[PDB]
Structure formats: structure tokens, C-alpha cells
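Residue numbers (UniProt numbering), protein chains in the order written: chain A, 25 to 111; chain B, 10 to 296; chain C, 32 to 128; chain D, 45 to 294; chain E, 38 to 166; chain F, 94 to 188; chain G, 56 to 78, 82 to 158.
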């Protein structure tokens, strides 16, 4: 009784075809593709340049940073103003 | 090897012979018999008997005791109050001796955690480590340490033996990346650039009396000398020693790891680092 | 009367069948398989408790929120009713509180 | 020609290494061709049959999904109306025809839904279970080693007769290293039989070897088991699961 | 858009280790913290007390019920009854009466009633464990 | 309290407690007195001082409250400069 | 084949002769065989001549040749308890029958 061949991870990247309506939404965007590249590299992965933000994505990201992540020139100025006012 | 000698005689161990340890399995109580169940423990006819008594805390219609006493904000902002896992000097010396955190190289937080010396939960708001005054005496090591807060007694204990302490801030995302670098490199993202402190911390990390990573580096030596001539130990002059090049190394703000630039993709499958070569990107990250 | 008068036919149990001669083979696929797999992902059965344990209420909540959009209408109504009842019971009935 | 072995891993400096013969299968009357040493703390641990029992009960009750359901009071058809008014007759009060009392009704506390009985013992306890099982299989003259699970021909009669000649037992558990390397001879000779079970070394377990009465490993397999099971001792607190890359692990 | 370079060494400085590393030597033990390696060749007593996965002496404080103070000498192997004799003799002049012991030769462990953790850690050190 | 949330199936906290009492990790619960910012114009000065003092909780109160919260609130919390952290541990405790 | 074995007396001398083939130093009974190759050679010779091979669970107890001599000076009664009860010359008023 040769026991059954042992279980293994499926040896390769999982590319679910996008036709069937069952392919879960989270397994179709770019995040999953990035994870596939990180795990198995360019051996069986994706075109590398996709990993970085696209230009419009970059512009909105920079907008967010400029909005919420001030620079310590600005922060130090705010601290100095508040200090003078309190004093 | 006496028990094996006993086993050589006793019959074969198999599934018919095994048993739990004498004490693991407390036996099961079910309500059947003159003792266990005639009312099964539920008491006489009341409201306990039927299972419907008031929710936990009720008090028979007087005001509940947890509502008479006033409401004071012992836990007002607790979700956002910052937390810091201590790393006492006893513990740092311990981890130095047993070979778990290598003191030839800089002692970053990635190294403190890859030696499993202190574990910090990124979630639950723990922002980083803090050196603490405990067993400062009996500390002896040339260690280049970067932590997220410090006490001046600890900077005394670390500099006195010829060491450099440089406090450094990390953001929540930055911290979660620092503690666990490999799973982040498995996400596929490019490395982010860590962000400057909030308003209420910038006085802390820009003053040299706390060995800030944003203070004026030319404002360090007078602070060091003041400390040395406050705790009565002669400051060593580092630049003679052979390890100065290590104690001079320091990653600059907007950097998480040492030899890696914000913006690089870490391909672990074939041992490579990929870099962005478009002007707009390289100005975005380098900022 | 509550007893029989003829011995049942003696069941033959083949203690050395296939599915009895391998019970547990690969039940240690992790500690000595480079940790590629996990025994969790060897146990066949329902999609909502492949490697998970809870009481009846949690089990039915999981069944709902994990397969409760593919299950037939009457079953789904029974299930929602069951959640309502077990909520009432676990949260308002019992000796200890 | 003799065939020897030495313990690869470190051995603590107050325990000699245990030893065991290395018997072949190329012929009927060829045992004791070689002599191999085995690491103490995987083939000489304290007996601890209690831990053996914990591991066996874990292997029984962790795959177990009980598929028992019994329609409760609310999922047996009908049952809405009061069968008859409250105060009118002297008949006992009843507010449904499907209460657990009534014939054909429901079950007050029956098997609810498909239940899982899943719990995971700490992996050090399971490593220690394999350690204990191997130690007990050695202390009872049941464990045998072999250079390679090779036979001259595939008739099961040969393997059964050989197992009768050396007083192995009624059931043999042959263990080889990798499922793709087992020679075709043993594969043929062992597919047919019932009490002779081949296993690629990835799949030892307490149950599989307590079921049998003879555990026939190999030199590769003992090296493998020593490596992994010792690795379970002197290992760090894990920072993240070992599926992900680690510096020194694989 | 991308360029492939190989300065991967820094990445390899971040991968943690699984095996605890055998600690490095020192020209004068004990080290500043208190460590002291196990004496080699091993001490000659009937029994032995292995050391933890990160090389401390397995004496462990313990508590139950909020007032049962206890200590546990854990990874013994050998004539544990010899060790009971030894520890009873050693502890007797400290308390003022013999300590209430409990041996467990199945797990190869021992335990005592009352906090004596540091005393026994030092005691097992100077015997060479 | 809710012993099993309908959406997840976990325990739940009585948030009337979190804003009323403070957890000292040893087990004690510290609170405030009742009457301490009401009618302070006829309460004698000693009464004012007493009503201004923080105070511990009896044993049954502590156990009740420990039941009324989950495991998040019974946690070692390393705050930066919280004025209570010296009380997060006991010392010289003799049963 | 059968298990039963009773120690020949000349075995004593036999042992020394075998040791001579695989070792000249006197105090020969206290030779140490931790050299594994020599241990294998000696034990194989004793096994193939005397028809009794050491068990796996006893091969580590014997590290000195004195232990080989000691182990070979123990007999093994390869018989079920039927045969020993029968051979124990039972009293007149006791009869045992065994349906095998």
C-alpha cells in the first residue's frame, strides 16, 4: 500500500482566468499581481514596471502627502508661533 | 536509560495500551441520579431556576453601582496615547553576551527584533523601544544604538563606555515594516519613505539633549560634555577607535533600512533590487 | 418488549483496509516538510469549517457570512431563525451571569 | 563490507549515542551488514507514553467533522396552530404538534449542524511525540534500519516470508525518504499487501507506527528525522510562519 | 523605467535567524550580566540538569492560588531522588525545617514550596550545571 | 453584557465601565468618589478632601468589573508618562 | 529458525580468540569498543558462530568487552508458559490441557 503522493503547494503562480464569474474580486486587481511577483519573482511573474505608482496615481499620492504630511520647516514655524502666543 | 530497560520486558505499546495522565481528565458531570440531577443544581422554583435573571450588573432596581460613581476620563484618549516597549540595560547587556544582537554592526530595531530581544506590536500603538535606567552600572559594551525614546541616564550609560545613541522616530506603517522586513518584501510594494514626527514631538527629536536624529549635529559635543561632567565619568573621544566608521554610520530621515533607498523593489526570488529610473518618481521618493 | 431474540449478523470489520491503514499519514506535513503546508489544509469537508472550531452560534454565523448567499431559500430562513434564537438564549438565558 | 554511520548533529556531552544494526533486504539471511549510531535525544528520550497518547488523540480528533443534523422544533413541517384551546378540555396543554414531546416532532438537544472538533497541539509537543514513538519502537527491539528498501523481485511472498523469518511482527511500516525515489521493486511488492505499508518519509506519525508493530526506517530517513526533530529543539521563538523565507532555515 | 542591480547584501542583513546561535567566548566568565557556561568536562554527579534553549539554568519561579509560592527544577535526567536528597540538604539550614518537596520522575522534574529561585540558580551554578 | 456578538461571535464590554474605572494591571480597580463636583458649598472641608480622593474597589466589585470588560482592557500598557504606571505592580505583597 | 540459546562453557575461551583476531594487550576483558568498526566485527563473529545476535535495545549498554561476556552468560527459555508449567513437575492433583 504505497501511500498517496504527499500534498504540495501548487508549483507555480496562480493566474485565475478573468472570464469565470467566480474568480474572487480580490484575486484580480494589481495587489495580488504584486504579491505574486514578490513571492515567485520574474521567474513566472509580471512585467516589473507595474509595481510603481502610475503617473496619475503618483499625482494623487503627492496631493495626499502635501495635504496631511507637512515639512518640519512648516512644523517648526507652527511651534514657534504657538510658543510666542502662549508666552 | 532505565525506563527503556523496563520497556524491554513490558508488552508492546500500541493504541490499546495508552492512557491519559492521571489528573488531566476531570470526569464529566451530567444531571442523572439522586445526587447529580433532581433539580440539576438550578435550585428551587425562582427566576434563577428558569434561566431568566437580569443581565450581568443589575442590582434589583437600585442604581447600578457602576453608574452611581462619576465619570472621569481615566481612559479618555487611550487609543491614541503613544506606547513604548522598554528595553532595560540589563536586557541589552544580556542580549549582547549571549550573541543574539551583534554589536559590531549598528543595533537598529530590526536587529533587536531579529534577535528576539524585545518584541513590539505595531498595532496597539506601540511606536518603538525605549532604553531605561535599570542596571546602568554593570553595562559594558561598545554599542551603536538607535531607539525611539531615551532617558538621559541611559545615554550616560551608553556613551560612557564609548558609544553613540541617536533617537529616531518611525511612523506606524514604518514601524510595521521595520519589525517584519521579510513579509513586507513579500508584499511586492516598493519601500516607502518614513515620515517626520507630529507637531508635539518635533521639539523632542530636534534637541540635542535627547540625541535627536533631527537636532543640529554640531550641538552634540557640548551636550555630551555636560552629561559627562554631570555624572562624573570622563568622556572618551571616539574618533581614535577602529569602529568609528560603524559608530559614524547613521541612516537619514526618510529612510527605513541602511543600504536601501525609499523606492526600491526587493525581488527575493532571484536576489535582486530593482530601482526607479524616471525623474518624477525619483523626485517623489527622494523627498 | 425492549429486547431482541436473534443475534444480528456478525459485522466484518477489515481493520487493515486502505482508509484504516493510513489514518494519519501526512498528519505531520509541517514539522517535517519544511512547513510548506499545514495540517489545516489536509482535512476535507465544509468550506466554512476547514480548520475552525466554535460553538453552534458562531458556527451558524460563519455558515451565513461565508456560504449564506448560495444556500437555498428555506434553509437560509431556517438559519436566520436559528441565529435569532441562539442569540436570545446565549445572551439572556442560563445560570451564570 | 561494513556500512557505518556517525551522528551528524551535535550530541550533548553527557550522553553517548545509541546504536542499531543495519540489515539489508538483498537476501533472506543477510542482517547485520553495517552498524549505525543514532542521536540520543530522538531515539533515547524519556518514555513519556502520556504525550504519545495526547498525540494519538490529536490525530484522531482533529480531522473529524461530524455530519449529524436533526431537525429542531422549528424546522419540522407544520406546527403553527394550537392543536386545541387552552382551558376548554381536560387534555394537557399543548402549543404545537411538533414539540419534542410529540411523536414525529423535534429533538430538544440533538446533533446540531456539521461540527468540527479541531484543535492544534503546539508543534514542539508533536515533535516530542515522534521522538517518544521512535524511542519506544527502539527500546522494544521493534525498530530496524536498512541501507535501502531494495528487493530482488516483486512477489509479495518474498517480503512476507522475510518478515516471517526475522520475527518482525504482523504489520510492517516501511519508510523511505522521498515519494519519487522508492524503487519499483518495493513499490510493486508492497502495493498488493495489506499489513506492509510504504510511506515516504514526509509522513510518519504516532498513529501510523503504533498501528504497526515494526518500523523499518532507512539510513537517509534516520538522518532526515534527526535533522528535523532536533531542529524543533534549539529554535527561536518564531517571528512569522516558516513558510516565508528565513535566513538559515531551509 | 527600471534597472536591475545586485547590492542584495543589505537585504540579507535583515533576514532573521531560526536557530539560537551558540554564544561566543569570553576571556573571563561571568560576563557582566551573570552568565556562566556549563563546565566541560561535565560534573560527576549521579544526575544532570540540562540548560534552556538560550542557556540559563532551568530553575523557575511559580505561583498558584495567589499564595502557593513554588519553584520548579525542570530538565533533570537521572537519579532525580539523588537531586531531592541534595536540594533538601542544601535548603534545610536556610528555612529552619525540611522543605516540602514533590518529585516527578516521569517528566524528569522536581518542585519545592517557597520562593528559592535565585538561591537554587546560584547553587546549581557552582556544581557545574 | 453580550456574551456573544451577533456579527462576530465574541464577548463585549460595558462601555459604562471604561469611562468610569481605571485598570491597574495587578488587578485593582481605582475610581472616583460620588459627590465630588456637586454641592461643594455646604460640604465641610474634610468631606471635600475625602470626596476628592481616588479610591480602590472591593473584591466583588473588581471581579464584576473584570467580567464586564474583555481581554483588551486587562493588558500591560506602556504609556509614555502616565501618572499611574508606578501602581501597575504590587510589591512586598504578603498574601 | 529458533531462538533458544544456552551458554556453552567454551564460549568463554571462544570470546578471547575472536578478540585476538580483531585487536595483544592483556586485561583483555576490559577492552573498550567505542571504535564502531571493531565492535561490528566482533559482534558479527559472535553472532555467526553462536547463533545469537544482540538486540538493538541492548547494543549501547555493552560498551566494554566485559559486557559482551556478561550478556552471553544469560540463557533464554524460548517457550510459552505452557511448556514451563508442564515441565514444573506438577503435583498429582492438577491437570492442565492446552488446545493448540
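All residues carry an ideal CB built from backbone N, CA and C; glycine is no exception.
Segment limits, beta strand (DSSP E) that includes residue 65 of chain D:
Annotation: the continuous beta strand (DSSP E) that includes residue 65 of chain D extends over 62–65.
Near the ligand HEM: residue 102 of chain B beta-carbon under 7 Å from a heavy atom:
Only the bare structure without any ligand can be found here, which leaves the ligand HEM out of the picture.
- Beta-carbon neighbours of residue 124 of chain F, restricted to chain B and to distances below 7 Å: Within chain B, the residues near residue 124 of chain F are 78.
**Three-state secondary structure assigned by DSSP to residue 63 of chain A** = The answer is helix: DSSP assigns residue 63 of chain A an H, G or I state.
Counting only beta-carbon separations shorter than 8 Å, does residue 17 of chain B have a partner in chain G? So yes, residue 17 of chain B belongs to the interface.
### Query
Which residue from C/103, C/97, C/127 puts its Cα closest to that of residue 157 of chain F?
A check of alpha carbon separations from residue 157 of chain F across C/103, C/97, C/127 identifies C/127 as the nearest.
**Prompt:** Counting contacts by CB-CB distance shorter than 8 Å, is residue 69 of chain E in contact with chain D?
**Reply:** So, not an interface residue.
Item checked: Helix, strand or coil at residue 122 of chain C [DSSP, three-state] -> Residue 122 of chain C: helix per DSSP, three-state reduction.
Q. Does residue 172 of chain F come within less than 8 Å of chain B when only Cβ atoms are used?
A. Flagged as an interface residue toward chain B: residue 172 of chain F, by a C-beta distance shorter than 8 Å.
Please go through the same chain and pick out, in chain order, the residues whose beta-carbon is closer than 7 Å to the beta-carbon of residue 94 of chain B, but skip the five residues on each side of it.
Excluding residues within five positions, the ones whose Cβ falls inside 7 Å are 127, 129, 135, 138.
Using 10 angstroms around the beta-carbon of residue 131 of chain E, count the other beta-carbons present and answer buried if the total reaches 16, otherwise exposed. That one is exposed.
Residue 220 of chain D versus D/210, D/248, D/90, D/198, residue with shortest Cα-Cα distance:
In this structure, D/248 is the residue among D/210, D/248, D/90, D/198 with its C-alpha nearest to the C-alpha of residue 220 of chain D.
- prompt: Hey, how far is the Cα of residue 231 of chain B from the Cα of residue 69 of chain E?
  reply: Those two C-alpha atoms are separated by around 30 Å.
Opposing strand residues paired with residue 101 of chain E [DSSP bridges]: In the DSSP assignment, residue 101 of chain E forms a beta bridge with E/105.
Work out the CA separation of residue 100 of chain G and residue 77 of chain G for me, nearest whole Å.
As the crow flies, the alpha-carbon of residue 77 of chain G is around 7 Å from that of residue 100 of chain G.
- Query: Hey, is residue 95 of chain F's beta-carbon within less than 8 Å of any beta-carbon in chain C?
  - Reply: Yes, residue 95 of chain F lies at the interface with chain C (some Cβ there is under 8 Å from its Cβ).
Could you give the residue range of the alpha helix (DSSP H) that holds residue 230 of chain B? Under the DSSP assignment, residue 230 of chain B falls in the alpha helix (DSSP H) whose first and last residues are 229–237.
Should residue 116 of chain D be labelled buried (16 or more other beta-carbon atoms within 10 Å of its own) or exposed? Per the 10 Å Cβ criterion, buried.
Element boundaries [alpha helix (DSSP H), containing residue 158 of chain D]: Boundaries around residue 158 of chain D are those of the beta strand (DSSP E), 158–160, since no alpha helix (DSSP H) includes it.
So residue 61 of chain E contacts chain B; which residues on that side make the cut at Cβ distance below 7 Å? Going along chain B in sequence order, the residues near residue 61 of chain E (Cβ under 7 Å) are 108.
**OP:** Taking only the alpha-carbon atoms, compute the straight-line gap between residue 34 of chain E and residue 108 of chain B and give it to the nearest angstrom.
**Re:** Nothing can be reported for residue 34 of chain E, as the shown portion of chain E is limited to 38 through 166.
So does the stretch 160–171 of chain D actually touch the stretch 95–109 of chain D, counting three or more Cβ pairs closer than 8 Å?
These segments touch.
Please name the residues in the UniProt region "Disordered" (22–66) of chain B whose beta-carbon is closer than 7 Å to at least one beta-carbon of chain D, in chain order.
Listed in sequence order: 22, 23, 24, 27, 28, 29, 30.
* Under 9 Å by beta carbon: chain C residues contacting residue 239 of chain D -> Residues of chain C whose Cβ lies closer than 9 Å to the Cβ of residue 239 of chain D are, in chain order, 47, 52.
Q.
Cβ closer than 8 Å: which chain B residues qualify as neighbours of residue 180 of chain D?
A. For residue 180 of chain D, the chain B residues whose Cβ falls inside 8 Å of its Cβ are 16, 22, in order along the chain.
Review point. At which residues does the alpha helix (DSSP H) containing residue 253 of chain B begin and terminate?
Key: Start and end: 253–257.
Task: Counted within 10 angstroms of its Cβ, other Cβ atoms place residue 295 of chain B as buried (16 or more) or exposed - done: That one is exposed.
Quick check on residue 277 of chain D: does DSSP put it in helix, strand or coil?
Coil.
For the alpha helix (DSSP H) holding residue 99 of chain G, just list the boundary residues, first then last. Counting along the chain, the alpha helix (DSSP H) containing residue 99 of chain G begins and ends at 94–108.
- Hey, how far is the Cα of residue 43 of chain B from the Cα of residue 183 of chain D? So the two alpha carbons sit approximately 50 Å from each other.
Tell me the DSSP secondary structure of residue 176 of chain B in three-state form.
Of the three classes helix, strand and coil, the one that applies to residue 176 of chain B here is strand, per DSSP.
Given a limit of 7 Å on CB to CB distance, which residues of the stretch 51–78 of chain A reach chain E?
Taken in chain order, the members of the stretch 51–78 of chain A whose beta-carbon sits within less than 7 Å of a beta-carbon on chain E are 72, 73.
Q) Taking only beta-carbon atoms, is residue 128 of chain C less than 8 Å away from chain B? A) Chain B places a beta carbon closer than 8 Å to that of residue 128 of chain C, counting this residue as a contact.
| said: Assess contact between the stretch 186–202 of chain D and the stretch 51–67 of chain D, defined as three or more Cβ pairs (one per stretch) separated by less than 8 Å. Is contact present? | reply: They touch, by the three-pair rule.
| message | Within 10 Å of its beta-carbon, does residue 280 of chain D have 16 or more other beta-carbons around it, so buried, or fewer, so exposed? | response | In this structure residue 280 of chain D is buried. Its beta-carbon is surrounded by 16 or more other beta-carbon atoms within 10 angstroms.
Checklist line | Interface residues of the stretch 54–73 of chain D facing chain E [CB-CB below 8 Å] | finding: Within the stretch 54–73 of chain D, contact with chain E at the beta-carbon level (separation under 8 Å) is assigned to 56, 57, 58.
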